[PDB]
Structure formats: structure tokens, C-alpha cells
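So basically every Cβ, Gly included, is an ideal-geometry build from the backbone, and we count neighbours across all protein chains shown. Since every read-out is calculated from the coordinates, none of them should be taken as a lab result.
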Amino acid sequence: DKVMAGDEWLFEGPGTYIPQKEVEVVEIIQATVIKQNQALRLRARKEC
Amino acid sequence: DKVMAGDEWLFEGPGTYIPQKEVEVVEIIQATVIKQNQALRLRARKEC
Amino acid sequence: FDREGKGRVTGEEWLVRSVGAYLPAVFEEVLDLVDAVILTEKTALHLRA
């Protein structure tokens, strides 16, 4: 698979890309953090 | 007997081979250890 | 966990009380590393809801 267009959509999994300081698509985030007991609550959102 | 292929299988007994630091098949283990009273319990195993 | 909804996250489990197995994968462990408590002599559990 490969994409030549797009709105806002994140993805994880595979990888060969090297986080280039020039362009890493937008931003990069490594590793999996949350332990076992760490629970998370999320909100709807939206601005203005 | 002689083998030109194989998975994981160990064997003891005869010998003329000289434990070459280059290749000794995999690893080498000399002598018989356990005395009389030494009892041993083994487990199934398997990983991942 | 992006906006409002959850991407894929799932909370479910089961345990391997099996003897002999490395355990860690890709630097991280399963989630914890413990040896056998050597269980129940005359204890039990009370299950509620």
C-alpha cells in the first residue's frame, strides 16, 4: 500500500522510514508507554 | 553412520573428533556429573 | 485514543503459569515478572459481582 493524498490520519505498525529531521510526515512518537494499571479517559473535543 | 543434514538432535558415546574452537557442531559438554543421590526433575518447556 | 472514540485498545487477559520461557519480547516484558507464590494450603476466594 501507498498513499499520494490525505486528510488527518495516523498509523503505526511497519517501518523502514528513518525519522528525517526534514520531514517525518508531521510528528513522530516512539515506544508503547502505558503499563497495566494505567487507565485512560478521553473527551469528545472540538474548538472555537 | 554419518549425517549430511539435520534439525536439533544431540548424541553421545563414540569419539575421535577434537573439540575445534572453530566448530564443535554447536557446543560441547564433557564428563558425567550426577552422583548417586542426585535426583532431577524436568519441565515441559516452550517459549513465547 | 484520538478523539472521543477509541482507536483499537482492548482490556482482556489470561495467564501462563508455565515453567521455562524467556518472556520479554521487543525489549518490553509481558507486563510483569513474578515467581510462584506457592499457592493455597487452606485459603479460598470470595467472588462478589
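Could you count how many residues in the range B:17-38 are of a type outside the set (D, E) and closer than 26 Å to B:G6 by Cα?
Residues in the range B:17-38 being of a type outside the set (D, E) and closer than 26 Å to B:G6 by Cα: 13 in total.
From the list B:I28, B:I34, exactly one residue is within 30 Å of C:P24 (Cα to Cα), β-branched (V, I, T) and either in contact with a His (Cβ under 8 Å, 6 or more places away or on another chain) or more than 14 Å from chain C (Cβ to nearest Cβ) (or both). Which is it?
B:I28
With respect to the numbered conditions (1) within 17 Å of the chain's Cα centre (by Cα); (2) of a type outside the set (D, E); (3) exposed (fewer than 10 other Cβ atoms within 10 Å of the Cβ), which one is the sole condition not fulfilled by A:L42?
For A:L42, the exception is condition (3).
Yes or no, residue by residue, for (1) under 20 Å from A:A31 (Cα atoms); (2) of a type in the set (F, W, Y); (3) more than 14 Å from chain B (Cβ to nearest Cβ):
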| site | (1), (2), (3) |
| --- | --- |
| C:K6 | yes, no, yes |
| C:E13 | no, no, yes |
| C:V16 | no, no, no |
| C:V19 | no, no, no |
| C:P24 | yes, no, no |
| C:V30 | yes, no, no |
| C:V34 | no, no, yes |
| C:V37 | no, no, yes |
| C:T40 | no, no, yes |
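Considering only the range C:1-39, state which residues are among the acidic types (D, E) and not in a loop (DSSP other than H, G, I, E, B).
The answer is C:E28, and nothing else.
For the range C:18-34, what are the residues that are out of contact with any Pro (no Cβ under 9 Å at 6 or more places or on another chain) and closer than 25 Å to A:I34 by Cβ?
Within the range C:18-34, C:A21, C:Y22, C:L23, C:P24, C:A25, C:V26, C:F27, C:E28, C:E29, C:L31, C:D32, C:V34 meet the criteria.
All but one of (1) within 15 Å of the chain's Cα centre (by Cα); (2) surrounded by fewer than 10 Cβ atoms within 10 Å (Cβ to Cβ); (3) among the hydrophobic types (A, V, I, L, M, F, W, C) hold for B:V25; state the number of the condition that does not hold.
(2)
Restricting to the range C:1-42, name every residue that is over 13 Å from the mean Cα position of the chain (by Cα), loosely packed, with under 10 Cβ neighbours inside 10 Å and of a type in the set (K, R).
Within the range C:1-42, C:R8, C:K42 meet the criteria.
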